[PDB]
>>> print(open('protein.pdb').read())   # PDB, C-alpha atoms
ATOM      1  CA  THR L   1     -25.848 -13.101  34.769  1.00  0.00           C
ATOM      2  CA  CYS L   2     -29.220 -12.131  36.324  1.00  0.00           C
ATOM      3  CA  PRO L   3     -29.202 -12.529  40.108  1.00  0.00           C
ATOM      4  CA  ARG L   4     -31.406 -15.089  41.790  1.00  0.00           C
ATOM      5  CA  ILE L   5     -34.619 -13.343  42.825  1.00  0.00           C
ATOM      6  CA  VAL L   6     -36.683 -14.527  45.754  1.00  0.00           C
ATOM      7  CA  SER L   7     -40.282 -14.289  44.536  1.00  0.00           C
ATOM      8  CA  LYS L   8     -43.245 -13.088  46.599  1.00  0.00           C
ATOM      9  CA  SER L   9     -44.311 -16.666  47.316  1.00  0.00           C
ATOM     10  CA  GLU L  10     -40.770 -17.635  48.315  1.00  0.00           C
ATOM     11  CA  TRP L  11     -40.596 -14.895  51.006  1.00  0.00           C
ATOM     12  CA  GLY L  12     -44.226 -15.401  51.977  1.00  0.00           C
ATOM     13  CA  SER L  13     -45.700 -12.169  50.667  1.00  0.00           C
ATOM     14  CA  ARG L  14     -49.346 -11.925  51.553  1.00  0.00           C
ATOM     15  CA  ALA L  15     -51.965 -11.629  48.822  1.00  0.00           C
ATOM     16  CA  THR L  16     -52.088  -8.298  46.993  1.00  0.00           C
ATOM     17  CA  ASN L  17     -53.948  -6.903  44.033  1.00  0.00           C
ATOM     18  CA  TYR L  18     -52.085  -3.774  43.019  1.00  0.00           C
ATOM     19  CA  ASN L  19     -52.403  -3.440  39.259  1.00  0.00           C
ATOM     20  CA  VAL L  20     -51.012  -0.061  38.139  1.00  0.00           C
ATOM     21  CA  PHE L  21     -48.325  -0.384  35.513  1.00  0.00           C
ATOM     22  CA  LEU L  22     -45.143   1.360  34.518  1.00  0.00           C
ATOM     23  CA  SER L  23     -44.597   2.363  30.922  1.00  0.00           C
ATOM     24  CA  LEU L  24     -41.645   0.192  29.926  1.00  0.00           C
ATOM     25  CA  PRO L  25     -38.837   0.607  29.326  1.00  0.00           C
ATOM     26  CA  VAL L  26     -38.219   2.674  32.440  1.00  0.00           C
ATOM     27  CA  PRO L  27     -35.825   5.687  32.277  1.00  0.00           C
ATOM     28  CA  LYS L  28     -34.777   5.896  35.955  1.00  0.00           C
ATOM     29  CA  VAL L  29     -33.476   3.633  38.699  1.00  0.00           C
ATOM     30  CA  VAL L  30     -33.737   4.968  42.243  1.00  0.00           C
ATOM     31  CA  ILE L  31     -31.855   3.508  45.182  1.00  0.00           C
ATOM     32  CA  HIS L  32     -33.359   3.551  48.661  1.00  0.00           C
ATOM     33  CA  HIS L  33     -32.602   2.119  52.067  1.00  0.00           C
ATOM     34  CA  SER L  34     -35.086   0.861  54.642  1.00  0.00           C
ATOM     35  CA  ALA L  35     -33.419   2.939  57.376  1.00  0.00           C
ATOM     36  CA  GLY L  36     -34.042  -0.153  59.486  1.00  0.00           C
ATOM     37  CA  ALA L  37     -32.620  -3.544  60.427  1.00  0.00           C
ATOM     38  CA  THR L  38     -30.110  -5.472  58.371  1.00  0.00           C
ATOM     39  CA  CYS L  39     -30.229  -9.220  57.807  1.00  0.00           C
ATOM     40  CA  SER L  40     -27.622 -11.771  56.691  1.00  0.00           C
ATOM     41  CA  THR L  41     -29.793 -14.922  56.274  1.00  0.00           C
ATOM     42  CA  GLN L  42     -32.345 -15.608  53.568  1.00  0.00           C
ATOM     43  CA  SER L  43     -34.963 -16.577  56.168  1.00  0.00           C
ATOM     44  CA  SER L  44     -34.133 -13.519  58.316  1.00  0.00           C
ATOM     45  CA  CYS L  45     -34.192 -11.246  55.258  1.00  0.00           C
ATOM     46  CA  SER L  46     -37.493 -12.772  54.262  1.00  0.00           C
ATOM     47  CA  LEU L  47     -38.891 -11.865  57.628  1.00  0.00           C
ATOM     48  CA  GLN L  48     -37.698  -8.374  57.165  1.00  0.00           C
ATOM     49  CA  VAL L  49     -39.421  -8.042  53.859  1.00  0.00           C
ATOM     50  CA  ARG L  50     -42.649  -9.288  55.443  1.00  0.00           C
ATOM     51  CA  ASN L  51     -42.260  -6.796  58.292  1.00  0.00           C
ATOM     52  CA  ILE L  52     -41.767  -3.967  55.818  1.00  0.00           C
ATOM     53  CA  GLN L  53     -44.710  -5.138  53.712  1.00  0.00           C
ATOM     54  CA  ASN L  54     -46.960  -5.206  56.759  1.00  0.00           C
ATOM     55  CA  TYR L  55     -45.778  -1.790  57.868  1.00  0.00           C
ATOM     56  CA  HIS L  56     -46.591  -0.412  54.417  1.00  0.00           C
ATOM     57  CA  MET L  57     -49.975  -2.029  54.053  1.00  0.00           C
ATOM     58  CA  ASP L  58     -51.280  -2.072  57.636  1.00  0.00           C
ATOM     59  CA  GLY L  59     -49.357   0.963  58.880  1.00  0.00           C
ATOM     60  CA  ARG L  60     -49.499   3.281  55.867  1.00  0.00           C
ATOM     61  CA  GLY L  61     -52.379   1.794  53.885  1.00  0.00           C
ATOM     62  CA  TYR L  62     -50.378   0.903  50.763  1.00  0.00           C
ATOM     63  CA  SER L  63     -51.882  -1.694  48.449  1.00  0.00           C
ATOM     64  CA  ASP L  64     -48.514  -3.532  48.429  1.00  0.00           C
ATOM     65  CA  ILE L  65     -44.926  -3.180  49.647  1.00  0.00           C
ATOM     66  CA  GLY L  66     -43.797   0.136  48.169  1.00  0.00           C
ATOM     67  CA  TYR L  67     -40.564  -0.898  46.464  1.00  0.00           C
ATOM     68  CA  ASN L  68     -40.207  -2.799  43.221  1.00  0.00           C
ATOM     69  CA  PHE L  69     -37.296  -4.750  44.650  1.00  0.00           C
ATOM     70  CA  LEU L  70     -35.394  -5.176  47.931  1.00  0.00           C
ATOM     71  CA  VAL L  71     -31.795  -6.183  48.569  1.00  0.00           C
ATOM     72  CA  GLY L  72     -30.537  -7.993  51.664  1.00  0.00           C
ATOM     73  CA  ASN L  73     -27.065  -8.058  53.197  1.00  0.00           C
ATOM     74  CA  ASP L  74     -27.383 -11.833  52.613  1.00  0.00           C
ATOM     75  CA  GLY L  75     -26.679 -10.968  48.940  1.00  0.00           C
ATOM     76  CA  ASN L  76     -30.194 -11.786  47.699  1.00  0.00           C
ATOM     77  CA  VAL L  77     -32.785  -9.845  45.779  1.00  0.00           C
ATOM     78  CA  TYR L  78     -36.413  -9.914  46.867  1.00  0.00           C
ATOM     79  CA  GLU L  79     -39.335  -9.141  44.587  1.00  0.00           C
ATOM     80  CA  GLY L  80     -41.812  -6.510  45.727  1.00  0.00           C
ATOM     81  CA  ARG L  81     -43.865  -4.886  42.990  1.00  0.00           C
ATOM     82  CA  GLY L  82     -41.314  -6.232  40.523  1.00  0.00           C
ATOM     83  CA  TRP L  83     -40.594  -5.063  37.006  1.00  0.00           C
ATOM     84  CA  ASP L  84     -43.991  -4.165  35.629  1.00  0.00           C
ATOM     85  CA  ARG L  85     -45.672  -2.349  38.540  1.00  0.00           C
ATOM     86  CA  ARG L  86     -45.384   1.110  39.950  1.00  0.00           C
ATOM     87  CA  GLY L  87     -43.914   1.943  43.367  1.00  0.00           C
ATOM     88  CA  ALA L  88     -45.251   4.231  46.080  1.00  0.00           C
ATOM     89  CA  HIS L  89     -41.654   4.918  47.229  1.00  0.00           C
ATOM     90  CA  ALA L  90     -40.388   8.105  45.455  1.00  0.00           C
ATOM     91  CA  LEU L  91     -42.566  11.038  44.402  1.00  0.00           C
ATOM     92  CA  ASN L  92     -43.329  11.738  41.632  1.00  0.00           C
ATOM     93  CA  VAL L  93     -40.676   9.582  40.033  1.00  0.00           C
ATOM     94  CA  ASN L  94     -42.737   6.493  41.011  1.00  0.00           C
ATOM     95  CA  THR L  95     -44.326   7.154  37.636  1.00  0.00           C
ATOM     96  CA  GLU L  96     -41.105   6.437  35.641  1.00  0.00           C
ATOM     97  CA  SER L  97     -38.619   4.493  37.826  1.00  0.00           C
ATOM     98  CA  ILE L  98     -37.656   1.196  39.400  1.00  0.00           C
ATOM     99  CA  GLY L  99     -37.049   1.550  43.133  1.00  0.00           C
ATOM    100  CA  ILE L 100     -34.465  -0.683  44.761  1.00  0.00           C
ATOM    101  CA  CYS L 101     -34.300  -0.711  48.528  1.00  0.00           C
ATOM    102  CA  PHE L 102     -31.353  -1.996  50.528  1.00  0.00           C
ATOM    103  CA  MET L 103     -32.443  -3.400  53.857  1.00  0.00           C
ATOM    104  CA  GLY L 104     -30.405  -1.608  56.459  1.00  0.00           C
ATOM    105  CA  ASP L 105     -29.358   1.698  57.904  1.00  0.00           C
ATOM    106  CA  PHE L 106     -26.169   2.821  56.242  1.00  0.00           C
ATOM    107  CA  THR L 107     -25.138   5.920  58.156  1.00  0.00           C
ATOM    108  CA  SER L 108     -22.117   4.266  59.811  1.00  0.00           C
ATOM    109  CA  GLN L 109     -21.966   0.878  58.021  1.00  0.00           C
ATOM    110  CA  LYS L 110     -21.608  -0.111  54.376  1.00  0.00           C
ATOM    111  CA  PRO L 111     -23.765  -2.765  52.716  1.00  0.00           C
ATOM    112  CA  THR L 112     -22.118  -6.105  52.021  1.00  0.00           C
ATOM    113  CA  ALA L 113     -20.245  -6.403  48.713  1.00  0.00           C
ATOM    114  CA  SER L 114     -22.611  -9.205  47.712  1.00  0.00           C
ATOM    115  CA  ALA L 115     -25.611  -6.932  48.458  1.00  0.00           C
ATOM    116  CA  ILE L 116     -24.018  -4.251  46.255  1.00  0.00           C
ATOM    117  CA  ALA L 117     -23.246  -6.828  43.562  1.00  0.00           C
ATOM    118  CA  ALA L 118     -26.773  -8.274  43.477  1.00  0.00           C
ATOM    119  CA  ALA L 119     -28.245  -4.813  42.906  1.00  0.00           C
ATOM    120  CA  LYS L 120     -25.954  -4.084  39.991  1.00  0.00           C
ATOM    121  CA  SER L 121     -26.615  -7.380  38.256  1.00  0.00           C
ATOM    122  CA  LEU L 122     -30.319  -6.831  38.875  1.00  0.00           C
ATOM    123  CA  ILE L 123     -30.074  -3.511  37.058  1.00  0.00           C
ATOM    124  CA  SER L 124     -28.098  -5.158  34.260  1.00  0.00           C
ATOM    125  CA  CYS L 125     -30.748  -7.898  34.114  1.00  0.00           C
ATOM    126  CA  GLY L 126     -33.579  -5.377  33.694  1.00  0.00           C
ATOM    127  CA  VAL L 127     -31.660  -3.660  30.919  1.00  0.00           C
ATOM    128  CA  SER L 128     -31.029  -6.939  29.108  1.00  0.00           C
ATOM    129  CA  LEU L 129     -34.738  -7.790  29.332  1.00  0.00           C
ATOM    130  CA  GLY L 130     -35.687  -4.317  28.138  1.00  0.00           C
ATOM    131  CA  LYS L 131     -37.464  -3.514  31.398  1.00  0.00           C
ATOM    132  CA  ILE L 132     -35.008  -0.630  31.792  1.00  0.00           C
ATOM    133  CA  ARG L 133     -33.728   1.656  29.026  1.00  0.00           C
ATOM    134  CA  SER L 134     -30.126   0.858  28.095  1.00  0.00           C
ATOM    135  CA  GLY L 135     -29.273   4.521  28.776  1.00  0.00           C
ATOM    136  CA  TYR L 136     -30.951   4.702  32.169  1.00  0.00           C
ATOM    137  CA  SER L 137     -30.071   7.241  34.846  1.00  0.00           C
ATOM    138  CA  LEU L 138     -29.273   6.240  38.410  1.00  0.00           C
ATOM    139  CA  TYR L 139     -30.293   8.296  41.451  1.00  0.00           C
ATOM    140  CA  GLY L 140     -30.225   7.995  45.213  1.00  0.00           C
ATOM    141  CA  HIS L 141     -33.517   8.740  46.967  1.00  0.00           C
ATOM    142  CA  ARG L 142     -32.209  12.109  48.215  1.00  0.00           C
ATOM    143  CA  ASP L 143     -31.174  13.112  44.619  1.00  0.00           C
ATOM    144  CA  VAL L 144     -34.573  12.654  42.992  1.00  0.00           C
ATOM    145  CA  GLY L 145     -37.048  14.314  45.428  1.00  0.00           C
ATOM    146  CA  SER L 146     -37.166  17.110  48.020  1.00  0.00           C
ATOM    147  CA  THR L 147     -36.254  14.903  51.017  1.00  0.00           C
ATOM    148  CA  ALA L 148     -33.474  15.602  53.534  1.00  0.00           C
ATOM    149  CA  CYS L 149     -31.161  12.760  54.614  1.00  0.00           C
ATOM    150  CA  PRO L 150     -28.109  12.257  56.914  1.00  0.00           C
ATOM    151  CA  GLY L 151     -24.570  11.302  55.788  1.00  0.00           C
ATOM    152  CA  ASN L 152     -25.003   7.860  54.261  1.00  0.00           C
ATOM    153  CA  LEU L 153     -22.396   5.304  53.165  1.00  0.00           C
ATOM    154  CA  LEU L 154     -24.711   3.559  50.688  1.00  0.00           C
ATOM    155  CA  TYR L 155     -25.392   6.772  48.819  1.00  0.00           C
ATOM    156  CA  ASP L 156     -21.668   7.574  48.716  1.00  0.00           C
ATOM    157  CA  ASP L 157     -21.103   4.255  46.991  1.00  0.00           C
ATOM    158  CA  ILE L 158     -23.700   4.649  44.249  1.00  0.00           C
ATOM    159  CA  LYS L 159     -21.675   7.600  42.915  1.00  0.00           C
ATOM    160  CA  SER L 160     -19.072   5.156  41.550  1.00  0.00           C
ATOM    161  CA  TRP L 161     -21.785   3.038  39.847  1.00  0.00           C
ATOM    162  CA  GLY L 162     -22.272   3.372  36.128  1.00  0.00           C
ATOM    163  CA  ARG L 163     -24.792   5.943  34.923  1.00  0.00           C
ATOM    164  CA  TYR L 164     -25.009   7.701  38.288  1.00  0.00           C
ATOM    165  CA  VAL L 165     -26.470  11.178  37.764  1.00  0.00           C
TER     166      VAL L 165
END
>>> encode(input="protein.pdb", output="structure tokens")
Amino acid sequence: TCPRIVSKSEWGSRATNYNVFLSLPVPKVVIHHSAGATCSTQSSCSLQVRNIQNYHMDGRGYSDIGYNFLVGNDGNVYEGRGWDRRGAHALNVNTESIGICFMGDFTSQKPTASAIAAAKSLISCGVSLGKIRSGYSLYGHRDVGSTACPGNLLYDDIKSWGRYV
């Protein structure tokens, strides 16, 4: 029931050495969006992940891509920092959350149903592993921190997801 996850090596992540850990199991799950390009192919989504990684490391000086996981409109999940490591994404809920980023801009378009589905089964996977508390809370990125955002179709959707807060 876990979704197939494209590992770092499978999307060609470059070599990192970020080794700051979350205290498992994690209470919160935050949902983000790249506010960028979408992608419908595994190879084209893989490129996008690499582009984002490079932006974060070369552009912003992060020690790795900032999100724990990314989701493509191809329906796939891509590993970033993964289950055990701490994001740079959301402040200061980085310290106790998994960040899941949908690759796209969702102000006038909705993510693909398979992209939505992969995220949910990813969350369910983490719970079943005990990476995430069974009674987790779910937030959009605007919910958690003091950041303004425009009307967004992704964040409308996550309201109907279980455990939304």
>>> closest_residue(input="protein.pdb", among="L:157, L:143, L:64, L:74", to="residue 50 in chain L", atoms="all atoms listed in the file")
L:64
>>> residues_around(input="protein.pdb", residues="residue 71 in chain L", least_positions_apart="6", cutoff="7 Å", atoms="all atoms listed in the file", output="number ranges by chain")
L: 77-78, 101-103, 115, 119
>>> write_last_selection(input="protein.pdb", atoms="C-alpha atoms", output="PDB file, keeping the file's coordinate frame")
ATOM      1  CA  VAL L  77     -32.785  -9.845  45.779  1.00  0.00           C
ATOM      2  CA  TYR L  78     -36.413  -9.914  46.867  1.00  0.00           C
ATOM      3  CA  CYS L 101     -34.300  -0.711  48.528  1.00  0.00           C
ATOM      4  CA  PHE L 102     -31.353  -1.996  50.528  1.00  0.00           C
ATOM      5  CA  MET L 103     -32.443  -3.400  53.857  1.00  0.00           C
ATOM      6  CA  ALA L 115     -25.611  -6.932  48.458  1.00  0.00           C
ATOM      7  CA  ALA L 119     -28.245  -4.813  42.906  1.00  0.00           C
TER       8      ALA L 119
END
>>> closest_residue(input="protein.pdb", among="L:125, L:39, L:15, L:29", to="residue 93 in chain L", atoms="all atoms listed in the file")
L:29
>>> resolve_selection(input="protein.pdb", expression="the PyMOL selection byres ((chain L and resi 124) around 12)", output="PyMOL selection string")
chain L and resi 1-3+29+117-123+125-136+161-163
>>> closest_residue(input="protein.pdb", among="L:33, L:14, L:81, L:4", to="residue 110 in chain L", atoms="all atoms listed in the file")
L:33
>>> resolve_selection(input="protein.pdb", expression="the PyMOL selection byres ((chain L and resi 38) around 12)", output="PyMOL selection string")
chain L and resi 33-37+39-42+44-49+70-75+101-106+109-112+115
>>> write_last_selection(input="protein.pdb", atoms="C-alpha atoms", output="tab-separated table (two decimals), in the frame of the given file")
chain	number	residue	atom	x	y	z
L	33	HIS	CA	-32.60	2.12	52.07
L	34	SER	CA	-35.09	0.86	54.64
L	35	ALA	CA	-33.42	2.94	57.38
L	36	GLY	CA	-34.04	-0.15	59.49
L	37	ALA	CA	-32.62	-3.54	60.43
L	39	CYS	CA	-30.23	-9.22	57.81
L	40	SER	CA	-27.62	-11.77	56.69
L	41	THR	CA	-29.79	-14.92	56.27
L	42	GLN	CA	-32.34	-15.61	53.57
L	44	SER	CA	-34.13	-13.52	58.32
L	45	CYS	CA	-34.19	-11.25	55.26
L	46	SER	CA	-37.49	-12.77	54.26
L	47	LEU	CA	-38.89	-11.86	57.63
L	48	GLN	CA	-37.70	-8.37	57.16
L	49	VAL	CA	-39.42	-8.04	53.86
L	70	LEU	CA	-35.39	-5.18	47.93
L	71	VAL	CA	-31.80	-6.18	48.57
L	72	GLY	CA	-30.54	-7.99	51.66
L	73	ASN	CA	-27.06	-8.06	53.20
L	74	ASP	CA	-27.38	-11.83	52.61
L	75	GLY	CA	-26.68	-10.97	48.94
L	101	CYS	CA	-34.30	-0.71	48.53
L	102	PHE	CA	-31.35	-2.00	50.53
L	103	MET	CA	-32.44	-3.40	53.86
L	104	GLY	CA	-30.40	-1.61	56.46
L	105	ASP	CA	-29.36	1.70	57.90
L	106	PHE	CA	-26.17	2.82	56.24
L	109	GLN	CA	-21.97	0.88	58.02
L	110	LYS	CA	-21.61	-0.11	54.38
L	111	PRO	CA	-23.76	-2.76	52.72
L	112	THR	CA	-22.12	-6.10	52.02
L	115	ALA	CA	-25.61	-6.93	48.46
>>> build_atoms(input="protein.pdb", residues="range 40-55 of chain L", atoms="N, CA and C atoms", output="PDB file, in the frame of the given file")
ATOM      1  N   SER L  40     -28.665 -11.054  57.425  1.00  0.00           N
ATOM      2  CA  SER L  40     -27.622 -11.771  56.691  1.00  0.00           C
ATOM      3  C   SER L  40     -28.038 -13.192  56.265  1.00  0.00           C
ATOM      4  N   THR L  41     -29.264 -13.593  56.598  1.00  0.00           N
ATOM      5  CA  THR L  41     -29.793 -14.922  56.274  1.00  0.00           C
ATOM      6  C   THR L  41     -30.984 -14.747  55.359  1.00  0.00           C
ATOM      7  N   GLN L  42     -31.169 -15.670  54.427  1.00  0.00           N
ATOM      8  CA  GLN L  42     -32.345 -15.608  53.568  1.00  0.00           C
ATOM      9  C   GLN L  42     -33.654 -15.617  54.354  1.00  0.00           C
ATOM     10  N   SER L  43     -33.755 -16.493  55.347  1.00  0.00           N
ATOM     11  CA  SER L  43     -34.963 -16.577  56.168  1.00  0.00           C
ATOM     12  C   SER L  43     -35.153 -15.331  57.030  1.00  0.00           C
ATOM     13  N   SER L  44     -34.058 -14.762  57.535  1.00  0.00           N
ATOM     14  CA  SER L  44     -34.133 -13.519  58.316  1.00  0.00           C
ATOM     15  C   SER L  44     -34.354 -12.283  57.427  1.00  0.00           C
ATOM     16  N   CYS L  45     -33.885 -12.324  56.188  1.00  0.00           N
ATOM     17  CA  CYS L  45     -34.192 -11.246  55.258  1.00  0.00           C
ATOM     18  C   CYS L  45     -35.638 -11.350  54.788  1.00  0.00           C
ATOM     19  N   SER L  46     -36.125 -12.558  54.635  1.00  0.00           N
ATOM     20  CA  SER L  46     -37.493 -12.772  54.262  1.00  0.00           C
ATOM     21  C   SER L  46     -38.440 -12.250  55.305  1.00  0.00           C
ATOM     22  N   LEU L  47     -38.095 -12.405  56.562  1.00  0.00           N
ATOM     23  CA  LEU L  47     -38.891 -11.865  57.628  1.00  0.00           C
ATOM     24  C   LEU L  47     -38.933 -10.393  57.514  1.00  0.00           C
ATOM     25  N   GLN L  48     -37.799  -9.807  57.228  1.00  0.00           N
ATOM     26  CA  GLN L  48     -37.698  -8.374  57.165  1.00  0.00           C
ATOM     27  C   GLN L  48     -38.536  -7.797  56.074  1.00  0.00           C
ATOM     28  N   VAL L  49     -38.586  -8.480  54.967  1.00  0.00           N
ATOM     29  CA  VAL L  49     -39.421  -8.042  53.859  1.00  0.00           C
ATOM     30  C   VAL L  49     -40.897  -8.098  54.264  1.00  0.00           C
ATOM     31  N   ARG L  50     -41.287  -9.169  54.944  1.00  0.00           N
ATOM     32  CA  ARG L  50     -42.649  -9.288  55.443  1.00  0.00           C
ATOM     33  C   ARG L  50     -42.980  -8.184  56.443  1.00  0.00           C
ATOM     34  N   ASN L  51     -42.040  -7.868  57.326  1.00  0.00           N
ATOM     35  CA  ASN L  51     -42.260  -6.796  58.292  1.00  0.00           C
ATOM     36  C   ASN L  51     -42.465  -5.460  57.609  1.00  0.00           C
ATOM     37  N   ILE L  52     -41.662  -5.203  56.579  1.00  0.00           N
ATOM     38  CA  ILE L  52     -41.767  -3.967  55.818  1.00  0.00           C
ATOM     39  C   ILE L  52     -43.094  -3.922  55.052  1.00  0.00           C
ATOM     40  N   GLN L  53     -43.461  -5.046  54.449  1.00  0.00           N
ATOM     41  CA  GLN L  53     -44.710  -5.138  53.712  1.00  0.00           C
ATOM     42  C   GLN L  53     -45.895  -4.827  54.615  1.00  0.00           C
ATOM     43  N   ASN L  54     -45.904  -5.439  55.789  1.00  0.00           N
ATOM     44  CA  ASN L  54     -46.960  -5.206  56.759  1.00  0.00           C
ATOM     45  C   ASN L  54     -47.001  -3.766  57.246  1.00  0.00           C
ATOM     46  N   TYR L  55     -45.837  -3.200  57.532  1.00  0.00           N
ATOM     47  CA  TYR L  55     -45.778  -1.790  57.868  1.00  0.00           C
ATOM     48  C   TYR L  55     -46.432  -0.949  56.771  1.00  0.00           C
TER      49      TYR L  55
END
